[PDB]
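**Student:** Let me give you the structure first, and then I'll get to my questions.
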Amino acid sequence: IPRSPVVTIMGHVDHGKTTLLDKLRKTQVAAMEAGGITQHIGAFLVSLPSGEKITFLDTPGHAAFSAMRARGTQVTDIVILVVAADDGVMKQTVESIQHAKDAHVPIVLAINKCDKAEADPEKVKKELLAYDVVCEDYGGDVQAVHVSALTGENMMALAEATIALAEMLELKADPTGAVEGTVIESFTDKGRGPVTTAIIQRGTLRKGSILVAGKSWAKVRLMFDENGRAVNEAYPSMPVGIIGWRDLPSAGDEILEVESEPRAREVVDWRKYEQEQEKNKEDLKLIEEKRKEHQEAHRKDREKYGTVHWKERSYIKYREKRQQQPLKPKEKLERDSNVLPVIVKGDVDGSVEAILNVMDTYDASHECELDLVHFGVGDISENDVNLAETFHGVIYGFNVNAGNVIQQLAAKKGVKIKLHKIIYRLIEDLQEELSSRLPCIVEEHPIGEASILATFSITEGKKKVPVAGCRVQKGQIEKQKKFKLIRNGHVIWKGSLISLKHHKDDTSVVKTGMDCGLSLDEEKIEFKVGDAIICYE
RNA sequence: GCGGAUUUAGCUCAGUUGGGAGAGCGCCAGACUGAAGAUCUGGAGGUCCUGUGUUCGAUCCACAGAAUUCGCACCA
């Protein structure tokens with residue numbers, strides 16, 4: 001049976017999600033005055049195109065944003081961000097938004113216990129209290145659309161707005177081949193295989209499942225299946241016969257430390273469900289791009305072609321070869337460049353997606369382009385310390401932490417991890433490597449301060465232009481840099497430097513404590529008296 | 001700057017107390033070289049520092065007036 005776009009009521013426990021399901025069971029069936037229920041053991045489930053009162057899944061824990069994945073991104077195509085009508089913001093309510101919108105999963109914020117604030121309101125009538133946890137509008141983002149928790153009402157108005165959000169995403173169902181499904185909640189135990197409650201979104205399960213864990217990936221043998229029925233049964237027999245659009249307790253003892261992020265499927269067909277299996281491990285991720293600065297030299301070949309009698313005989317040949325293809329007589333050997341690209345590691349799915357959204361944007365080399373070359377949801381690894389050492393980068397961790405082996409590897413590489421930064425976001429660091437003083441190249445900045453000694457507009461054994469002698473004591477008063485010389489703060493003149501004319505000494509660069517005469521620009525428009533010459537790139 | 005101070009072929013030098021500018025490298029072939037070409041030779045290049053105290057010879061040193069290397073003034 002084709003699944004309606006499901007919600008789950010994500011958010012903090014008893015922020016109206018837990019209290020929703022417990023009363024939902026009893027209330028909904030009366031409160032609709034209509035049917036269209038597709039109830040399953042998982043929660044209380046009723047289809048989206050019922051003209052009154054609709055709700056879907058419960059995750060009896062808290063979070064369910066990454067738990068409820070499917071083959072487009074989430075299975076909860078519309079997600080409910082559960083805030084309480086009584087009490088605003090709680091932690092998992094805001095994680096649900098980030099993970100969903102950044103992963104392009106439409107969002108309902110259904111501040112639950114809807115009856116209790118804004119007087120049993122509809123979709124667009126709870127807004128004040130609903131916006132307490134952020135709401136936006138339709139699309140992959142969050143519209144405030146409401147479902148209650150202590151009555152079956154307001155849920156009619158869930159249907160209305162929620163479907164228009166749901167439009168963008170939906171991964172349907174079948175009662176055929178192997179199953180697809182995700183975990184609604186899956187309990188975490190090491191050294192035990194605890195049961196996994198799942199929304200089986202598509203396909204048929206008998207009693208076999210496959211899950212990911214905080215241990216390892218494994219393919220469990222279920223002891224039994226137990227499920228509420230939509231109903232259509234592939235097998236009417238004593239428990240088997242799961243279809244898509246079903247919630248299923250998958251009871252299996254080969255289950256590991258399966259998180260609420262994994263999926264619970266089954267594969268016994270791979271001519272359809274392999275292509276659903278792949279896809280339903282994702283809804284955590286996005287993209288980054290950046291580019292790096294390099295070296296090249298067209299001299300290491302053309303210089304070599306020249307005279308010397310062997311090389312001349314070669315030269316007659318080289319010219320002929322060049323005519324055929326320019327790349328043919330080349331004998332260049334230019335090499336090596338480094339900037340500082342970094343490696344990104346993160347652990348919260350909405351967080352990495354957020355970092356990625358900012359990061360992909362930066363790929364423009366103003367004068368440098370610097371961000372991450374690699375990102376992943378994981379832990380710091382051997383690769384990350386290697387990356388830091390090679391480019392002259394550093395390891396950017398969100399809150400991931402570094403294991404024992406990577407730390408040893410880090411020491412050998414002569415680098416050390418930065419993680420748990422505060423703010424934990426890596427985009428600030430990545431944008432510091434980017435631009436900082438890199439696009440400054442005509443901008444003023446003291447980086448070549450010196451004091452003006454004199455000028456030799458007048459004779460000094462040679463009468464010249466307004467050649468200003470200056471004692472360099474910071475950076476370089478050189479003809480490369482520009483200047484703004486300040487009498488004490490009042491600019492005398494500002495321009496570039498294009499002279500080194502003197503009569504005592506002439507030097508390419510006036511550095512350190514050396515005095516050399518250079519007119520600042522060519523001549524000077526006010527000369528003699530002054531103090532600091534800020535040379536600026 | 002000033003100078004000490006060369007003064008003086010393009011520059012450099014000599015011609016010089018005061019009787020031609022000695023010749024040359026940057027022009028130049030021979031020469032040379034393995035050939036090439038400068039050599040050597042001698043010529044192209046002779047502003048005579050500038051112009052002059054000075055001049056039968058001032059072409060010189062020297063000065064009319066000014067420039068400069070840097071000790072020195074400057075150098076702080």
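For the structure tokens, the naming scheme is as follows: chains receive sequential letters (A, B, ...) according to their order of presentation, residues are indexed from 1 within each chain, and ligands are indexed from 1 in presentation order.
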List every residue of chain A that has an atom at most 9 Å from any atom of chain B, and for each one report the closest atom pair and its distance in Å to one decimal, counting only C-alpha atoms (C1' of nucleotides), with rows sorted by chain and then by increasing residue number, as CSV.
**Tutor:**
residue,atom,partner,partner_atom,distance
A:459,CA,B:1,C1',6.5
A:460,CA,B:1,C1',5.3
A:461,CA,B:1,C1',3.9
A:462,CA,B:1,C1',7.1
**Student:** Write out as a list in words each polymer residue whose atoms come within 6 Å of region 87-103 of chain A, counting only C-alpha atoms (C1' of nucleotides); drop sequence neighbours fewer than 5 positions from it.
**Tutor:**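 In the requested format, the answer is residues 11, 12, 63, 65, 81, 82, 132, 133, 140, 141, 283, 349, 350 and 353 of chain A.
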**Student:** Find the spatial neighbours of residue 480 (chain A), counting only C-alpha atoms (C1' of nucleotides), within a cut-off of 10 Å - ignore same-chain residues fewer than 6 positions away - and output them as a CSV table (one decimal) with C-alpha atoms, in the first residue's frame.
**Tutor:**
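result10.csv was written with the following content:
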chain,number,residue,atom,x,y,z
A,496,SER,CA,52.4,54.2,-4.5
A,497,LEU,CA,56.2,54.1,-4.6
A,498,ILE,CA,57.9,54.2,-8.0
A,499,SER,CA,61.3,55.8,-7.2
A,508,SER,CA,66.1,47.9,-4.1
A,509,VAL,CA,64.6,47.8,-0.7
A,535,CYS,CA,53.9,51.3,3.6
A,536,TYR,CA,50.9,49.3,2.8
A,537,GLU,CA,50.3,46.5,0.3
**Student:** Restricting the calculation to only C-alpha atoms (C1' of nucleotides), which member of B:7, B:28, B:12, B:75 is positioned closest to residue 50 (chain B)?
**Tutor:**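 Of B:7, B:28, B:12, B:75, the one nearest residue 50 (chain B) is B:7, counting only C-alpha atoms (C1' of nucleotides).
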**Student:** Can you tell me how far CA of residue 246 (chain A) sits from CA of residue 208 (chain A), in Å to one decimal?
**Tutor:**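 For CA of residue 246 (chain A) relative to CA of residue 208 (chain A), the distance reads 15.2 Å.
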